[PDB]
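*Asks:* Contents of upload_35.txt (compact mmCIF, C-alpha atoms and all ligand atoms) are given next:
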```txt
# COMPACT_ATOMS: atom_id res chain seq x y z
CA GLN A 127 -48.22 -46.54 -175.53
CA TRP A 128 -51.22 -44.39 -176.47
CA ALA A 129 -52.53 -40.89 -175.69
CA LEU A 130 -55.04 -38.35 -177.06
CA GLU A 131 -51.93 -36.39 -177.98
CA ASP A 132 -51.30 -38.99 -180.70
CA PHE A 133 -54.69 -38.46 -182.36
CA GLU A 134 -56.50 -35.69 -184.20
CA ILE A 135 -60.23 -35.96 -183.51
CA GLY A 136 -62.82 -35.32 -186.22
CA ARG A 137 -66.46 -35.91 -187.18
CA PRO A 138 -68.71 -37.51 -184.53
CA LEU A 139 -69.67 -40.99 -185.74
CA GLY A 140 -72.44 -41.54 -183.19
CA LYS A 141 -73.60 -42.78 -179.77
CA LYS A 143 -74.74 -42.91 -172.80
CA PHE A 144 -71.72 -45.20 -172.58
CA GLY A 145 -69.72 -42.64 -174.54
CA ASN A 146 -69.42 -41.06 -177.97
CA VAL A 147 -67.56 -42.35 -181.02
CA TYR A 148 -65.44 -39.99 -183.12
CA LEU A 149 -63.55 -40.22 -186.40
CA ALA A 150 -59.84 -39.68 -185.81
CA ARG A 151 -56.34 -39.89 -187.27
CA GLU A 152 -53.12 -41.40 -185.93
CA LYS A 153 -50.84 -38.39 -186.39
CA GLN A 154 -47.61 -40.22 -187.31
CA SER A 155 -49.31 -42.82 -189.49
CA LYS A 156 -52.07 -40.60 -190.95
CA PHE A 157 -54.19 -43.71 -190.35
CA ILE A 158 -57.88 -42.92 -190.01
CA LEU A 159 -59.84 -44.86 -187.43
CA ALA A 160 -62.63 -44.64 -184.86
CA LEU A 161 -62.16 -43.46 -181.28
CA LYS A 162 -64.75 -44.08 -178.56
CA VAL A 163 -64.52 -42.01 -175.39
CA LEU A 164 -65.85 -43.66 -172.24
CA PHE A 165 -66.28 -41.63 -169.07
CA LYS A 166 -65.28 -43.69 -166.02
CA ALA A 167 -68.18 -41.98 -164.24
CA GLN A 168 -70.47 -44.20 -166.30
CA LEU A 169 -68.06 -47.07 -165.66
CA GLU A 170 -68.53 -46.52 -161.92
CA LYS A 171 -72.31 -46.09 -161.58
CA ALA A 172 -72.98 -49.02 -163.94
CA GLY A 173 -70.20 -51.19 -162.53
CA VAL A 174 -68.81 -51.92 -165.99
CA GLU A 175 -65.24 -51.37 -164.77
CA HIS A 176 -64.23 -54.98 -165.47
CA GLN A 177 -66.59 -55.85 -168.32
CA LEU A 178 -64.59 -53.49 -170.50
CA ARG A 179 -61.31 -55.06 -169.34
CA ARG A 180 -62.87 -58.38 -170.39
CA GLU A 181 -63.98 -57.55 -173.94
CA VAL A 182 -60.91 -55.41 -174.62
CA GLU A 183 -58.90 -58.62 -174.21
CA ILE A 184 -61.33 -60.78 -176.19
CA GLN A 185 -61.62 -58.50 -179.22
CA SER A 186 -58.04 -57.15 -179.33
CA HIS A 187 -56.73 -60.55 -180.35
CA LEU A 188 -59.61 -61.46 -182.64
CA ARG A 189 -58.91 -61.15 -186.36
CA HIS A 190 -61.51 -61.76 -189.07
CA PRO A 191 -62.62 -59.76 -192.16
CA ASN A 192 -66.24 -59.59 -190.99
CA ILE A 193 -65.26 -58.59 -187.47
CA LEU A 194 -64.45 -54.96 -186.72
CA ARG A 195 -60.89 -54.85 -185.38
CA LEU A 196 -59.88 -53.31 -182.05
CA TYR A 197 -56.35 -51.99 -182.42
CA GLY A 198 -55.84 -50.95 -178.79
CA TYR A 199 -56.93 -48.92 -175.78
CA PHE A 200 -55.79 -46.36 -173.19
CA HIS A 201 -57.08 -44.09 -170.42
CA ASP A 202 -56.49 -40.68 -168.85
CA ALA A 203 -57.86 -39.25 -165.62
CA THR A 204 -61.55 -39.05 -166.42
CA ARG A 205 -62.04 -41.03 -169.63
CA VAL A 206 -61.26 -44.37 -171.32
CA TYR A 207 -60.56 -44.54 -175.07
CA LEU A 208 -60.97 -47.42 -177.51
CA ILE A 209 -59.20 -47.32 -180.89
CA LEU A 210 -61.44 -49.15 -183.37
CA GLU A 211 -61.50 -49.86 -187.09
CA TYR A 212 -63.29 -47.22 -189.16
CA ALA A 213 -66.27 -48.51 -191.12
CA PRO A 214 -66.78 -46.06 -194.02
CA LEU A 215 -70.31 -47.17 -195.00
CA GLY A 216 -71.71 -46.87 -191.47
CA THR A 217 -74.22 -49.18 -189.80
CA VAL A 218 -76.69 -51.67 -191.27
CA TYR A 219 -79.33 -50.07 -189.05
CA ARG A 220 -78.87 -46.81 -190.97
CA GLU A 221 -79.03 -48.72 -194.27
CA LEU A 222 -82.22 -50.45 -193.16
CA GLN A 223 -83.82 -47.15 -192.16
CA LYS A 224 -83.12 -45.66 -195.56
CA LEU A 225 -84.25 -48.66 -197.64
CA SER A 226 -87.03 -49.91 -195.31
CA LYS A 227 -86.45 -53.51 -196.43
CA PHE A 228 -83.59 -55.54 -197.93
CA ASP A 229 -83.74 -57.84 -200.95
CA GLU A 230 -82.84 -61.52 -200.70
CA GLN A 231 -79.38 -61.05 -202.20
CA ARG A 232 -78.46 -58.40 -199.65
CA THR A 233 -80.08 -60.36 -196.81
CA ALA A 234 -78.45 -63.69 -197.67
CA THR A 235 -75.14 -61.93 -198.22
CA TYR A 236 -75.31 -60.21 -194.84
CA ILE A 237 -76.39 -63.46 -193.17
CA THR A 238 -73.52 -65.29 -194.85
CA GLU A 239 -70.90 -62.75 -193.75
CA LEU A 240 -72.47 -62.87 -190.28
CA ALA A 241 -72.32 -66.67 -190.00
CA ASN A 242 -68.68 -66.79 -191.11
CA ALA A 243 -67.71 -64.24 -188.48
CA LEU A 244 -69.67 -66.09 -185.78
CA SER A 245 -68.11 -69.50 -186.53
CA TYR A 246 -64.72 -67.90 -186.01
CA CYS A 247 -65.92 -66.42 -182.70
CA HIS A 248 -67.34 -69.78 -181.65
CA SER A 249 -64.02 -71.38 -182.57
CA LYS A 250 -62.32 -69.32 -179.87
CA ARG A 251 -65.37 -70.27 -177.80
CA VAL A 252 -66.64 -66.68 -177.88
CA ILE A 253 -70.36 -65.83 -177.86
CA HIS A 254 -71.66 -62.40 -178.87
CA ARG A 255 -75.39 -62.33 -177.99
CA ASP A 256 -75.84 -58.62 -178.88
CA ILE A 257 -75.94 -59.09 -182.66
CA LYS A 258 -78.07 -56.06 -183.62
CA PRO A 259 -78.43 -53.89 -186.76
CA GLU A 260 -76.83 -50.93 -184.94
CA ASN A 261 -73.91 -53.17 -183.96
CA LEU A 262 -73.40 -54.26 -187.56
CA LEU A 263 -71.17 -51.95 -189.58
CA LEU A 264 -70.33 -51.82 -193.28
CA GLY A 265 -66.80 -51.64 -194.64
CA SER A 266 -65.61 -49.98 -197.83
CA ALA A 267 -66.80 -52.83 -200.05
CA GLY A 268 -70.17 -53.19 -198.32
CA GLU A 269 -68.44 -55.74 -196.11
CA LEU A 270 -70.53 -56.66 -193.08
CA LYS A 271 -68.54 -56.11 -189.90
CA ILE A 272 -69.62 -57.17 -186.41
CA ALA A 273 -68.93 -54.59 -183.71
CA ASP A 274 -69.46 -54.05 -179.97
CA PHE A 275 -68.45 -57.02 -177.84
CA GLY A 276 -69.83 -55.58 -174.61
CA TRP A 277 -71.65 -58.76 -173.58
CA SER A 278 -69.18 -61.08 -175.30
CA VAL A 279 -67.98 -63.88 -173.04
CA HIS A 280 -66.64 -67.45 -173.32
CA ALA A 281 -69.30 -69.62 -171.64
CA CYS A 290 -81.48 -54.50 -169.71
CA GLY A 291 -82.57 -52.71 -172.86
CA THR A 292 -84.54 -53.89 -175.89
CA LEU A 293 -85.20 -57.62 -175.72
CA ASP A 294 -85.95 -58.04 -179.43
CA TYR A 295 -82.78 -59.99 -180.29
CA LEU A 296 -82.53 -62.01 -177.07
CA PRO A 297 -83.33 -65.77 -177.20
CA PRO A 298 -85.90 -67.50 -174.93
CA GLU A 299 -83.29 -69.29 -172.80
CA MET A 300 -81.65 -65.98 -171.94
CA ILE A 301 -84.81 -64.03 -171.13
CA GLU A 302 -86.01 -66.84 -168.86
CA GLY A 303 -82.67 -66.94 -167.06
CA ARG A 304 -81.75 -70.47 -168.15
CA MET A 305 -78.33 -71.66 -169.38
CA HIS A 306 -77.20 -70.25 -172.72
CA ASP A 307 -74.65 -71.76 -175.10
CA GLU A 308 -73.55 -70.79 -178.61
CA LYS A 309 -77.07 -71.44 -179.92
CA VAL A 310 -77.90 -67.91 -178.72
CA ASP A 311 -76.30 -66.34 -181.79
CA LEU A 312 -78.29 -68.70 -184.02
CA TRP A 313 -81.44 -67.21 -182.55
CA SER A 314 -80.27 -63.67 -183.23
CA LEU A 315 -79.28 -64.71 -186.74
CA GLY A 316 -82.91 -65.64 -187.36
CA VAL A 317 -84.16 -62.39 -185.88
CA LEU A 318 -81.91 -60.37 -188.20
CA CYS A 319 -82.81 -62.30 -191.34
CA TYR A 320 -86.40 -61.48 -190.44
CA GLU A 321 -85.73 -57.78 -189.83
CA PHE A 322 -83.48 -57.64 -192.89
CA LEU A 323 -86.39 -58.92 -194.96
CA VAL A 324 -89.36 -57.32 -193.21
CA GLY A 325 -87.83 -54.11 -191.84
CA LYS A 326 -89.05 -54.89 -188.34
CA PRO A 327 -87.91 -57.44 -185.75
CA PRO A 328 -90.15 -60.56 -185.58
CA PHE A 329 -91.03 -60.01 -181.91
CA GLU A 330 -91.58 -56.25 -181.81
CA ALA A 331 -93.97 -54.67 -179.34
CA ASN A 332 -94.66 -51.38 -177.58
CA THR A 333 -93.99 -53.20 -174.33
CA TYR A 334 -90.96 -54.92 -172.81
CA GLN A 335 -93.49 -57.22 -171.15
CA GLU A 336 -95.26 -57.93 -174.45
CA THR A 337 -92.02 -58.66 -176.33
CA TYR A 338 -91.09 -60.93 -173.42
CA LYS A 339 -94.13 -63.13 -174.04
CA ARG A 340 -93.87 -62.92 -177.83
CA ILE A 341 -90.26 -64.13 -177.56
CA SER A 342 -90.82 -66.80 -174.90
CA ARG A 343 -93.69 -68.35 -176.87
CA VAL A 344 -91.92 -67.77 -180.20
CA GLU A 345 -94.91 -65.93 -181.67
CA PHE A 346 -93.88 -64.62 -185.09
CA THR A 347 -95.93 -64.24 -188.27
CA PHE A 348 -94.68 -63.87 -191.84
CA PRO A 349 -95.92 -61.11 -194.17
CA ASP A 350 -96.85 -62.19 -197.70
CA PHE A 351 -93.73 -60.98 -199.51
CA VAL A 352 -91.51 -63.46 -197.66
CA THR A 353 -90.14 -66.32 -199.76
CA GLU A 354 -90.83 -69.86 -198.54
CA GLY A 355 -87.08 -70.35 -198.87
CA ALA A 356 -86.75 -67.53 -196.36
CA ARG A 357 -89.68 -68.65 -194.19
CA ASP A 358 -87.82 -71.94 -193.82
CA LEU A 359 -84.46 -70.71 -192.49
CA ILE A 360 -86.03 -68.16 -190.16
CA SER A 361 -88.49 -70.63 -188.64
CA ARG A 362 -85.63 -73.12 -188.28
CA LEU A 363 -83.43 -70.59 -186.49
CA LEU A 364 -86.35 -69.34 -184.40
CA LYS A 365 -87.03 -72.42 -182.28
CA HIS A 366 -87.52 -72.47 -178.52
CA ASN A 367 -85.33 -75.52 -177.89
CA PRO A 368 -81.73 -74.42 -178.68
CA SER A 369 -80.60 -77.97 -179.52
CA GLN A 370 -83.02 -77.83 -182.47
CA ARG A 371 -81.43 -74.68 -183.90
CA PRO A 372 -79.41 -75.73 -186.99
CA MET A 373 -75.62 -75.58 -187.05
CA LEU A 374 -73.86 -72.57 -188.56
CA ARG A 375 -72.58 -74.84 -191.34
CA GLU A 376 -76.05 -75.84 -192.57
CA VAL A 377 -77.13 -72.19 -192.46
CA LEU A 378 -74.41 -71.42 -194.98
CA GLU A 379 -75.52 -74.55 -196.83
CA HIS A 380 -79.23 -73.69 -196.83
CA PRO A 381 -80.58 -73.62 -200.44
CA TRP A 382 -82.08 -70.14 -199.98
CA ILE A 383 -78.71 -68.87 -198.81
CA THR A 384 -76.75 -70.70 -201.52
CA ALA A 385 -79.14 -69.33 -204.15
CA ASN A 386 -79.36 -65.65 -203.17
CA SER A 387 -76.07 -65.07 -201.34
CA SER A 388 -73.20 -63.44 -203.23
CA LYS A 389 -69.73 -64.86 -203.88
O1 LIG A 401 -69.67 -50.02 -178.16
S1 LIG A 401 -68.40 -49.42 -178.85
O2 LIG A 401 -67.66 -50.50 -179.63
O3 LIG A 401 -68.81 -48.27 -179.76
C1 LIG A 401 -69.15 -48.62 -181.08
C2 LIG A 401 -70.30 -49.45 -181.30
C3 LIG A 401 -70.66 -49.81 -182.59
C4 LIG A 401 -69.92 -49.36 -183.67
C5 LIG A 401 -68.79 -48.53 -183.47
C6 LIG A 401 -68.00 -48.08 -184.72
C7 LIG A 401 -66.77 -48.58 -185.08
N1 LIG A 401 -66.33 -48.01 -186.25
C8 LIG A 401 -67.27 -47.13 -186.70
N2 LIG A 401 -67.28 -46.32 -187.83
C9 LIG A 401 -68.32 -45.51 -188.09
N3 LIG A 401 -69.36 -45.45 -187.29
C10 LIG A 401 -69.46 -46.19 -186.16
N4 LIG A 401 -70.63 -46.03 -185.37
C11 LIG A 401 -71.91 -45.89 -185.96
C12 LIG A 401 -72.70 -44.75 -185.37
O4 LIG A 401 -72.76 -44.83 -183.94
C13 LIG A 401 -71.46 -44.87 -183.35
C14 LIG A 401 -70.60 -45.96 -183.94
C15 LIG A 401 -68.35 -47.10 -185.82
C16 LIG A 401 -68.41 -48.17 -182.14
```
Rewrite the coordinates I just gave you, this time as structure tokens.
Ligand SMILES: O=[S+](=O)Oc1cccc(-c2c[nH]c3ncnc(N4CCOCC4)c23)c1

*Replies:*
Amino acid sequence: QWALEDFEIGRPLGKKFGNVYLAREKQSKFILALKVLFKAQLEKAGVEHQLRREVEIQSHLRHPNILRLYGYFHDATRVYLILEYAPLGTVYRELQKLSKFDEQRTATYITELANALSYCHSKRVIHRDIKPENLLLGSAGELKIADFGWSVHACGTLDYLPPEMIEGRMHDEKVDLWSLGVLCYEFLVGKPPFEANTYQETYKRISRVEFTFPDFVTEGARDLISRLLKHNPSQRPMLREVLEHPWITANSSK
């Protein structure tokens, strides 16, 4: 039902796995994002099925703060994904430019994130790879979760991975609550709470939950973060109370 013939390619949006390009559905004049994946990478990495997994998960997943996947197709040498175009780019790019985020922006992003995750959890879908470069911004500054590569229904940088996952133990939906704490930290500080020059160092800093707060962090923020960043998953608060946390309720937008 789809072919490269149907699309006019444009500006390179970014990104190994394969590049992402701005494109236009010729008949519809609809502008979207097109990621080209070379099956060569699919072979050597054995991600031939992982794609077939996520492409089913995301394709029938509809939420304002989740980047939509409209469809997919393949030729001889490449695989193409037709994704929603996020005009305001990534949050990672935003964070680079502004170094740090204010509490309104942070609580707003965290709010939009939680809402999208609850929905995912409703369909019993866990994301795990919630990272600034996987968070896009829509036309209205809308936060939009992207990339469901490791999304399932129950190795690079370890910064956003929870203790139970890096130790090999069993991981539930509380994984995303860990990441949510990591982001709120990085959104406020500009750096992840467990950063290191070493995979091995970050491993220990994560596993022992060793994070320190700079002075400009509000106690209202120090609370939520330290509540989301707990070694025992069962102690991580529910997504509902996150959205009901006073610091969130105060600084988040409407
Ligand atoms: O793993 S795949 O889903 O590929 C991805 C992973 C994350 C976002 C992504 C999307 C989706 N829509 C987009 N509009 C504008 N830039 C995008 N970017 C930022 C710059 O880098 C390349 C993607 C982008 C594609």

*Asks:* Can you list, as a ChimeraX atom specification, every protein, DNA or RNA residue that comes within 9 Å of region 277-298 of chain A when you count only C-alpha atoms, leaving out same-chain residues fewer than 2 positions away?

*Replies:* /A:177,180-181,184-185,248,250-258,274-275,300-304,306-315,317-318,327-331,334,337-338,341-344,364-368

*Asks:* Counting all atoms listed in the file, name the residues that have an atom within 8 Å of an atom of ligand LIG 401 (chain A); the answer should be given as number ranges by chain.

*Replies:* A: 138-141, 144-149, 159-162, 194, 208, 210-217, 260-263, 273-276

*Asks:* Write out, as a PDB file, in the coordinates of the input, the residues just selected, with C-alpha atoms.

*Replies:*
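In the end it all went to selection-v3.pdb:
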```pdb
ATOM      1  CA  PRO A 138     -68.710 -37.510-184.530  1.00  0.00           C
ATOM      2  CA  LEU A 139     -69.670 -40.990-185.740  1.00  0.00           C
ATOM      3  CA  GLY A 140     -72.440 -41.540-183.190  1.00  0.00           C
ATOM      4  CA  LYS A 141     -73.600 -42.780-179.770  1.00  0.00           C
ATOM      5  CA  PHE A 144     -71.720 -45.200-172.580  1.00  0.00           C
ATOM      6  CA  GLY A 145     -69.720 -42.640-174.540  1.00  0.00           C
ATOM      7  CA  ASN A 146     -69.420 -41.060-177.970  1.00  0.00           C
ATOM      8  CA  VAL A 147     -67.560 -42.350-181.020  1.00  0.00           C
ATOM      9  CA  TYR A 148     -65.440 -39.990-183.120  1.00  0.00           C
ATOM     10  CA  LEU A 149     -63.550 -40.220-186.400  1.00  0.00           C
ATOM     11  CA  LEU A 159     -59.840 -44.860-187.430  1.00  0.00           C
ATOM     12  CA  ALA A 160     -62.630 -44.640-184.860  1.00  0.00           C
ATOM     13  CA  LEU A 161     -62.160 -43.460-181.280  1.00  0.00           C
ATOM     14  CA  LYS A 162     -64.750 -44.080-178.560  1.00  0.00           C
ATOM     15  CA  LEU A 194     -64.450 -54.960-186.720  1.00  0.00           C
ATOM     16  CA  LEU A 208     -60.970 -47.420-177.510  1.00  0.00           C
ATOM     17  CA  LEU A 210     -61.440 -49.150-183.370  1.00  0.00           C
ATOM     18  CA  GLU A 211     -61.500 -49.860-187.090  1.00  0.00           C
ATOM     19  CA  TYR A 212     -63.290 -47.220-189.160  1.00  0.00           C
ATOM     20  CA  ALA A 213     -66.270 -48.510-191.120  1.00  0.00           C
ATOM     21  CA  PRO A 214     -66.780 -46.060-194.020  1.00  0.00           C
ATOM     22  CA  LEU A 215     -70.310 -47.170-195.000  1.00  0.00           C
ATOM     23  CA  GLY A 216     -71.710 -46.870-191.470  1.00  0.00           C
ATOM     24  CA  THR A 217     -74.220 -49.180-189.800  1.00  0.00           C
ATOM     25  CA  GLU A 260     -76.830 -50.930-184.940  1.00  0.00           C
ATOM     26  CA  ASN A 261     -73.910 -53.170-183.960  1.00  0.00           C
ATOM     27  CA  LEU A 262     -73.400 -54.260-187.560  1.00  0.00           C
ATOM     28  CA  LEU A 263     -71.170 -51.950-189.580  1.00  0.00           C
ATOM     29  CA  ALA A 273     -68.930 -54.590-183.710  1.00  0.00           C
ATOM     30  CA  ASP A 274     -69.460 -54.050-179.970  1.00  0.00           C
ATOM     31  CA  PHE A 275     -68.450 -57.020-177.840  1.00  0.00           C
ATOM     32  CA  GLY A 276     -69.830 -55.580-174.610  1.00  0.00           C
TER      33      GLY A 276
END
```

*Asks:* Tell me, as a list in words, which residues lie within 12 Å of residue 351 (chain A), counting only C-alpha atoms; anything in the same chain fewer than 6 positions away does not count.

*Replies:*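 Contacts, in chain order: residues 227, 228, 229, 230, 320, 323, 324, 325 and 357 of chain A.
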
*Asks:* Between A:268, A:143, A:322, A:130, which is the closest to residue 199 (chain A) once you count all atoms listed in the file?

*Replies:* A:130

*Asks:* Here is a test: counting only C-alpha atoms, which residue of A:209, A:234, A:163, A:222 is nearest to residue 259 (chain A)?

*Replies:*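 Closest to residue 259 (chain A), using only C-alpha atoms: A:222.
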